[PDB]
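Notes for the one structure printed next.
We name chains A, B, ... by the order of the sequence lines, and we start the count at 1 in each one. Note that these values count all heavy atoms, side chains included, but never hydrogens, waters or copies made by symmetry.
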Amino acid sequence: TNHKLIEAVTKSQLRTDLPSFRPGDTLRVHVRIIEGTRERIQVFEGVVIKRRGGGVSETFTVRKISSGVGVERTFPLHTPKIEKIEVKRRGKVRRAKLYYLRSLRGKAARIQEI
Amino acid sequence: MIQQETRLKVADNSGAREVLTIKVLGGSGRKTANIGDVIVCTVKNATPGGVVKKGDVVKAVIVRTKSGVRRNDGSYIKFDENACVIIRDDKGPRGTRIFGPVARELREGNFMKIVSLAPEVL
Amino acid sequence: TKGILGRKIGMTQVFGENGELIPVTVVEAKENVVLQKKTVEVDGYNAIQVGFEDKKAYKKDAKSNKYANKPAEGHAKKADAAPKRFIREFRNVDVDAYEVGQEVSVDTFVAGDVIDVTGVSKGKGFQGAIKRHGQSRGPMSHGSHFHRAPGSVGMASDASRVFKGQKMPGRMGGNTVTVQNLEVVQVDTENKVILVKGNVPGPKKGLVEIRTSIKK
Amino acid sequence: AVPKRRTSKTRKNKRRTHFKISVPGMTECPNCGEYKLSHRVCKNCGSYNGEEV
Amino acid sequence: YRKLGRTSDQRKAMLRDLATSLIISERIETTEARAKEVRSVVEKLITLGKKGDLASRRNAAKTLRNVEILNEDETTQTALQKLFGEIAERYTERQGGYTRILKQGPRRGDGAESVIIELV
RNA sequence: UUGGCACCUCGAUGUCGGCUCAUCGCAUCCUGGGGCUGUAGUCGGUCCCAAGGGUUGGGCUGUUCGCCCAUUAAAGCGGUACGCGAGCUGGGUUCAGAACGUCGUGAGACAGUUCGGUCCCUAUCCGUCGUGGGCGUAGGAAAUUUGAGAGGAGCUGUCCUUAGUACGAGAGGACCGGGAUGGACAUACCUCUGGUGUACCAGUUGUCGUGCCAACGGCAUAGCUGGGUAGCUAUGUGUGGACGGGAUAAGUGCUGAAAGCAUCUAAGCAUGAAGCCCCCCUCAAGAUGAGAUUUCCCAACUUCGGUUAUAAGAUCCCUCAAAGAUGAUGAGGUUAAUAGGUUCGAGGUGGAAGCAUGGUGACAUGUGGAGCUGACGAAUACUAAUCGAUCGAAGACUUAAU
Ligand SMILES: [Mg+2]
Ligand SMILES: [Mg+2]
Ligand SMILES: [Mg+2]
Ligand SMILES: [Mg+2]
Ligand SMILES: [Mg+2]
Ligand SMILES: [Mg+2]
Ligand SMILES: [Mg+2]
Ligand SMILES: [Mg+2]
Ligand SMILES: [Mg+2]
Ligand SMILES: [Mg+2]
Ligand SMILES: [Mg+2]
Ligand SMILES: [Mg+2]
Ligand SMILES: [Mg+2]
Ligand SMILES: [Mg+2]
Ligand SMILES: [Mg+2]
Ligand SMILES: [Zn+2]
């Protein structure tokens with residue numbers, strides 16, 4: 001494991017309501033925007049290109065095309081700022097990090113569905 | 001991470017298409033600018049007929065960067081490109097339309113009209 | 001004003017009340033005991049001597065520092081305690097609030113306390129001026145034969161010497177460093193750990209001293 | 001760079017103060033009684049730690 | 001891990017050679033640092049042999065050299081066959097620690113600390 | 001600075017500019033404190049104190065200068081062999097080639113120009129940065145320490161509020177005070193974002209092997225390519241220059257005579273700077289003035305001066321890393337988890353081999369988040385830290401008090 005004390009003190013930060021997913025899956029991440037006192041949910045939909053780290057430190061990245069511009073959002077997997085995650089589609093990929101998508105656009109960048 | 005000589009797409013219909021960074025404003029020896037910072041730049045490429053002309057020295061607010069930005073909650077946003085918007089002295093855009101997504105940090109920057117015109121604010 | 005000794009376990013992160021990501025250092029601070037009490041009358045200044053991390057008892061043919069020698073055992077048994085691995089004085093505390101033999105639990109600190117943390121920074125061995133002193137390189141091309149050298153070390157006939165304080169290659173790190181105005185993020189009394197905001201000097205397993213911050 | 005002045009006998013011998021070798025780290029072999037290097041097989045009898053090597 | 005004064009490819013080659021030779025001869029004289037590196041390699045090979053399955057055998061084949069061992073009965077076997085036969089059977093009940101190193105003292109030519117590393 | 005002189009150097013004192021690294025002065029560019037103002041306010045002008053810190057990137061030119069672009073609180077002026085070539089460069093300039101203009105009959109020449117054109121040195125001493133040993137510090141030791149001294153640090157923008165208030169016809173627009181947030185710099189550190197990651201995983205080409213298939217190995221930059229643990233890291237993450245005290249400078253005064261008045265000054269009492277001494281950080285008793293506290297050891301023999309091996313303790317040697325050039329430091333040495341192995345994990349990779357199934361086949365699917373896995377976490381004496389040896393006290397004298 002990681003160091004026992006680190007795990008003990010960070011255990012209560014971990015969320016248990018997160019669906020399983022892998023790089024290549026398309027996710028809808030409902031993110032809490034808390035601008036001022038009003039709070040709203042903004043959905044970011046894209047392909048998981050990266051998951052890294054462990055424990056409370058684990059992060060993941062989702063890539064989207066917005067108005068023709070690629071946008072990548074990286075979240076701490078256990079951040080309380082995420083209302084929920086929906087796995088919209090399971091992709092068929094051959095590697096953990098899909099960095100090769102950053103250089104692809106259009107039909108070249110499509111991920112096969114499982 | 002924008003520094004002198006960095007080139008940027010212009011994300012508006014002001015007439016300028018590509019600018020070169022002349023200066024990062026906001027202090028002596030300041031080397032790099034990121035989303036929400038203002039730069040002095042020169043118009044290297046422009047659309048025929050626009051308000052902003054090639055060779056103009058103008059000011060622009062950075063709205064997208066490949067480096068991206070980190071947020072207090074430990075999340076990040078990164079873009080495929082470096083884009084800026086040419087601005088007037090009152091932070092309003094020289095153009096009338098904004099193209100492509102912009103980062104929310106512009107709101108804290110008080111670039112409210114750019115934020116409003118942007119097709120998406122992330 | 002409070003003080004304690006622990007071991008650097010490592011870094012991790014916690015989510016704050018608004019979801020802000022707080023990097024933290026985990027300090028395990030078990031087995032702190034007041035070994036000696038110094039006073040103006042006897043020693044000329046007030047301080048509590050604290051011993052941290054029990055070690056093993058004296059044995060005849062001890063070959064390492066794991067086993068207390070007889071001087072150390074006598075010193076600790078005077079306080080009634082088991083011999084300790086690290087012993088440090090705190091002058092910043094009020095001696096009248098402590099008894100020799102007393103336990104110093106992590107609970108002495110509370111979340112929100114602003115603290116100074118002192119440690120020995122990581123060693124780097126022999127290092128050059130660029131790394132050790134952050135100097136600029138010479139050109140890497142254009143005919144240069146000056147890349148990582150330290151540059152001119154003096155002037156000429158005046159002064160026909162190099163001044164003390166000239167920055168030169170040498171051993172780097174292993175220095176006492178105090179980082180001021182860190183914050184106690186969390187105290188876990190079951191595990192005897194303190195979560196301090198930010199990073200602190202030293203390697204993992206390294207001794208760290210936590211005191212109430214001197215500035216206020 | 002070259003020596004500006006030759007080195008006196010005194011200065012040379014002072015410098016050589018620490019230039020020397022030590023007696024090897026040796027003890028008597030409990031088996032054969034001949035000296036051996038500590039933590040090494042004894043070459044006289046080939047024994048180590050009460051056994052032949 | 002030690003570099004042993006060799007490049008990555010050379011070090012890999014030498015450690016395979018040493019491991020094979022120790023499997024063959026069951027005890028070899030070499031320098032101290034080489035022995036302290038090769039002990040791990042050889043004992044991991046022992047672990048593979050004790051596992052005994054085909055995948056283990058092929059993993060071992062990746063490391064061992066192709067050497068023929070002439071047995072006392074005029075019969076021959078490869079080093080890999082010896083490893084997965086007699087050595088593994090020998091160490092079936094031992095959990096690690098299949099080698100020991102015996103310091104011998106510096107050698108004449110260069111003062112290197114000669115040692116013996118042997119199985120068991 | 002341009003010069004005058006010709007006193008050191010012609011058995012050689014390298015010459016411009018730049019780079020690297022600074023260091024000092026103050027005649028101060030900014031910031032701090034003041035007086036006067038033809039100082040309404042906001043701005044300014046001039047002078048006084050003040051050297052703590054700060055004092056930018058580009059275009060042209062060998063350039064220094066200088067002009068220009070864009071910034072900044074500001075873009076200071078000087079010295080240090082016009083600081084620094086046994087630290088770097090070598091664009092200019094004064095070797096040999098060649099050419100133009102010019103002069104000269106010519107050979108050639110020109111503080112005219114043009115293109116090209118060899119920058120050596122293993123550090124002896126002092127000096128400086130680190131790092132060990134000896135002896136001293138009136139017994140021998142283990143820790144914790146005081147701080148005489150010394151070093152570090154010392155910079156600043158903008159916005160909000162006070163307040164659209166004071167001031168001003170208006171335009172404009174404050175002091176003082178209270179908050180927030182930056183630039184540059186410094187320092188620690190790897191949770192995060194990234195880099196590297198040559199004994200991690202995977203894909204793939206050519207060719208040569210392991211007899212063949214299948215599966216593997218060598219070489220081709222680590223063959224190449226996609227990822228990547230620890231460690232080391234910045235561009236990443238934290239933190240700092242905060243708040244104050246004492247004495248002052250220029251000043252501002254109070255009381256006050258000499259000199260019935262006046263007067264900040266003679267006596268006396270206040271106040272007053274980013275500056276001084278502290279406060280903050282680090283080193284520090286070889287501080288030979290060698291300091292302090294706690295604890296440990298404490299006998300025999302003696303030519304009775306003294307000696308002795310031993311004690312406490314520390315080492316040799318050995319397993320090591322958080323430490324490291326080597327020493328040193330630190331974790332350990334069987335009454336043991338120090339390392340290796342082994343077992344279980346984390347993180348990484350991403351679906352092993354074999355077999356089965358579906359395809360003519362390339363391949364695909366299942367078995368199966370599979371197989372593998374350096375450095376990171378835990379457990380376990382299986383291997384090795386064996387057996388041993390060495391060093392290391394018995395406490396001088398005088399006086400006073402007890
Ligand atoms: Mg440079
Ligand atoms: Mg070179
Ligand atoms: Mg190779
Ligand atoms: Mg001469
Ligand atoms: Mg002055
Ligand atoms: Mg000169
Ligand atoms: Mg000069
Ligand atoms: Mg010189
Ligand atoms: Mg030249
Ligand atoms: Mg003529
Ligand atoms: Mg990191
Ligand atoms: Mg990590
Ligand atoms: Mg061949
Ligand atoms: Mg084949
Ligand atoms: Mg070949
Ligand atoms: Zn023997």
Side-chain angles (χ1 to χ4, degrees), chain A residues 1-4 54 57 59 95-97 100, chain B residues 1 4 22-23 25-30 40 70 74 76, chain C residues 11-13 21 23-24 36 38 42-45 49 59 63-64 66 69-72 74-75 78 87 89 121 123 125-126 135-136 138-139 142-146 149-158 161-164 166 168-171 175-182 197-201 203-206 214-216, chain D residues 1-5 7 18 25 27-28 30 38-39 48-49, chain E residues 1 8 11-12 39-40 43 47 54-55 58 61-62 66 94-101:
Chain A
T1 65
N2 204 14
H3 196 285
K4 307 300 182 64
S57 288
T59 61
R95 69 196 61 260
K97 306 295 188 291
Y100 64 92
Chain B
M1 277 182 58
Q4 292 183 204
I22 286 168
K23 193 60 53 174
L25 299 174
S28 171
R30 179 170 186 177
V40 183
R70 172 189 211 274
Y76 300 72
Chain C
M11 284 195 72
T12 189
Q13 54 184 57
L21 190 167
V24 300
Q36 183 171 350
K38 292 191 173 184
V42 184
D43 300 281
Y45 66 106
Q49 199 197 58
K59 72 177 184 182
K63 297 165 175 174
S64 302
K66 183 203 308 192
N69 57 35
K70 280 180 65 59
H75 176 68
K78 191 158 180 293
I87 301 183
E89 297 187 5
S121 63
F126 206 116
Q135 290 186 16
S136 297
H142 296 287
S144 167
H145 294 95
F146 188 112
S152 177
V153 300
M155 291 69 82
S157 285
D158 294 47
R161 72 203 181 88
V162 175
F163 290 158
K164 297 193 188 293
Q166 187 63 221
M168 283 175 161
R171 191 152 303 177
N175 317 294
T176 305
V177 173
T178 300
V179 188
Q180 294 188 318
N181 300 342
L182 295 194
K197 179 182 176 194
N199 34 45
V200 309
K204 291 179 280 201
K205 306 178 176 184
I214 191 66
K215 297 171 172 180
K216 288 196 169 185
Chain D
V2 306
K4 186 70 160 176
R5 304 278 314 127
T7 290
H18 303 280
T27 52
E28 166 170 356
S38 62
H39 290 91
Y48 186 71
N49 201 345
Chain E
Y1 49 83
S8 183
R11 180 169 55 264
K12 181 181 179 188
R39 73 186 164 175
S40 172
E43 294 185 20
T47 303
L54 174 65
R58 296 184 170 184
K62 298 187 181 169
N66 292 318
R94 186 177 292 268
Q95 302 173 342
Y98 312 112
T99 64
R100 69 164 58 85
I101 301 174

Taking any heavy-atom pair under 4.0 Å as a contact, classify C/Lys59: base, sugar-phosphate, or nothing.
base
Quick one: which protein N/O atoms are closer than 3.5 Å to N/O atoms of nucleotides 386-391 of chain F? Pair and distance per line, please.
unit_1	atom_1	unit_2	atom_2	d
F/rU386	OP2	D/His39	NE2	2.9
F/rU386	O2'	D/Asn49	OD1	3.2
F/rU386	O4	D/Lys36	NZ	3.0
F/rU386	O4	D/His39	N	2.5

Would F/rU31 and F/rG52 count as a Watson-Crick or G-U wobble pair, both distances under 3.5 angstrom?
yes
For C/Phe126, answer base if it contacts any base atom (sugar-phosphate contacts may also be present), sugar-phosphate if it contacts only those atoms, and nothing otherwise; contact means non-hydrogen atoms under 4.0 Å.
sugar-phosphate
Pairs: protein N or O with nucleotides 18-20 of chain F N or O, under 3.5 Å:
unit_1	atom_1	unit_2	atom_2	d
F/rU20	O2	C/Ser152	N	3.0

F/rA138: by the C1'-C2'-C3'-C4' sign convention (positive north, negative south), the sugar is south
If you look at every strand shown and take non-hydrogen atoms under 4.0 Å, does C/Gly74 touch a base, only sugar-phosphate, or nothing?
sugar-phosphate
Base rings of F/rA270 and F/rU271 under 5.5 Å apart and under 30° in plane angle?
yes
Taking centres under 5.5 Å and planes under 30° as the test, is F/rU23 stacked with F/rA22?
yes
Looking at F/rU15 next to F/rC16 in the strand, do their six-membered base rings stack, centres under 5.5 Å and planes under 30°?
no
Each nucleotide N or O in nucleotides 291-293 of chain F that has a protein N or O under 3.5 Å away: list the pair and distance.
unit_1	atom_1	unit_2	atom_2	d
F/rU293	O4'	C/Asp43	OD1	2.8
F/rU293	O2'	C/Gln36	NE2	3.0
F/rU293	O2'	C/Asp43	OD1	2.7

Quick one: label E/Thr99 by what it contacts on the DNA or RNA (base, sugar-phosphate, nothing), any heavy atom closer than 4.0 Å.
sugar-phosphate
Under the side-chain contact (heavy atoms from CB on, under 4.5 Å) test, which residues partner C/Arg171, sequence neighbours left out?
none
Using a heavy-atom cut-off of 4.0 Å across all strands, would you classify E/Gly97 as base, sugar-phosphate, or nothing?
base
Between the base of F/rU282 and the side chain of C/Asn175, is there a donor and acceptor pair under 3.5 angstrom?
no
Under the 3.5 Å rule, do the base of F/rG327 and the side chain of C/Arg171 count as making a donor-acceptor pair?
yes
Could you tell me if F/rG351 and F/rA352 satisfy the stacking criterion of six-membered ring centres under 5.5 Å apart and ring planes within an angle under 30°?
no
CD of C/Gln13 to OG1 of A/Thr59: how many Å apart, nearest 0.5 Å?
8.5 Å
Students should be able to answer this: classify the pucker of F/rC391 from the sign of its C1'-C2'-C3'-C4' torsion, north or south.
north
Would C/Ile87 and C/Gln36 count as a side chain to side chain contact (heavy atoms under 4.5 Å, CB included) here? Give the steps.
CA-CA 10 Å; C/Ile87 301 183; C/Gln36 183 171 350; over 6 Å; no
Any N or O donor-acceptor pair under 3.5 Å from the base of F/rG238 to the side chain of C/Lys197?
no
Pairing defined as Watson-Crick or G-U wobble with both contacts under 3.5 Å. Yes or no for F/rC110 and F/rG206?
no
Give me, pair by pair, the N or O atoms of the protein and of nucleotides 133-142 of chain F that are less than 3.5 Å apart, along with how far apart they are.
unit_1	atom_1	unit_2	atom_2	d
F/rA142	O2'	C/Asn69	ND2	3.2

Determine: side-chain N/O of E/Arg94 to OP1/OP2 of F/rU383, distance under 4.0 Å, yes or no.
yes
With north meaning a positive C1'-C2'-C3'-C4' (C3'-endo side) and south a negative one (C2'-endo side), sort F/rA322 into one of the two.
south
Could you give the CG-to-P distance, from E/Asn66 to F/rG217, as a whole number of Å?
12 Å
Work out the sugar pucker of F/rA292 as north or south, treating a positive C1'-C2'-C3'-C4' as north.
north
Determine, using purine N1 to pyrimidine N3 plus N6-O4 or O6-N4 for Watson-Crick, or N1-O2 and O6-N3 for G-U wobble, whether F/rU365 and F/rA356 pair with both distances under 3.5 Å.
yes
If we only count Watson-Crick and G-U wobble pairs whose two distances fall under 3.5 Å, is F/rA234 paired to F/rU193?
yes
At less than 4.0 Å, is any side-chain N or O atom of E/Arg58 found next to OP1 or OP2 of F/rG354? Yes or no.
yes
Once you apply a heavy-atom cut-off of 4.0 Å, does E/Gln95 come out as touching a base, just sugar-phosphate, or nothing?
base
Just checking C/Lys215: base, sugar-phosphate only, or nothing, at a heavy-atom cut-off of under 4.0 Å?
base
With a 3.5 angstrom cut-off on both distances, give the Watson-Crick or G-U wobble partner of F/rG44, or none if there isn't one.
F/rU37
Could you check whether A/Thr1 gets within reach of a base, just the sugar-phosphate, or nothing at all, counting any heavy atom under 4.0 Å?
base
Got a list of protein N/O to nucleotides 155-159 of chain F N/O distances below 3.5 Å?
none

Using the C1'-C2'-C3'-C4' torsion, classify the pucker of F/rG164 as north or south, with positive meaning north.
south
With rounding to whole Å, what would you report as the distance between F/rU315 and F/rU329 at their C1' atoms?
15 Å
Touch check for C/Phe163, heavy atoms < 4.0 angstrom, all strands: base, sugar-phosphate only, or nothing?
sugar-phosphate
Near-parallel close bases F/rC279 and F/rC280 (centres under 5.5 Å, planes under 30°):
no
Would you classify B/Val40 as touching base, sugar-phosphate or nothing, given that sugar-phosphate means primed atoms plus P, OP1 and OP2, and contacts are heavy atoms under 4.0 Å?
sugar-phosphate
Classify the nucleic acid contact of E/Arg39 as base, sugar-phosphate or nothing, counting any heavy atom under 4.0 Å across all strands shown.
sugar-phosphate
Taking F/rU207 first: does it form a Watson-Crick or wobble pair with F/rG172, both atom distances below 3.5 Å?
no
Determine: side-chain N/O of E/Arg100 to OP1/OP2 of F/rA384, distance under 4.0 Å, yes or no.
yes
Counting only Watson-Crick and G-U wobble pairs, both distances under 3.5 Å, are F/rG17 and F/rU360 paired?
no
Anti or syn - F/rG251, cut at 90° from 0
anti
Name the nucleic acid region contacted by A/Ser57, choosing base, sugar-phosphate or nothing; use a 4.0 angstrom heavy-atom cut-off, strictly under.
sugar-phosphate
Name the nucleic acid region contacted by A/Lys97, choosing base, sugar-phosphate or nothing; use a 4.0 angstrom heavy-atom cut-off, strictly under.
sugar-phosphate
Between E/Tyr1 and F/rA199, does any side-chain N or O lie under 4.0 Å from OP1 or OP2?
yes
Taking any heavy-atom pair under 4.0 Å as a contact, classify C/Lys66: base, sugar-phosphate, or nothing.
sugar-phosphate
Any N/O donor-acceptor pair, B/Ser28 side-chain to F/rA75 base, under 3.5 Å:
yes
Would you say E/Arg39's side chain and E/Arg100's backbone share a donor-acceptor pair under 3.5 angstrom?
no
Below 4.0 Å: OP1/OP2 of F/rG218 and any side-chain N or O of E/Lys12:
yes
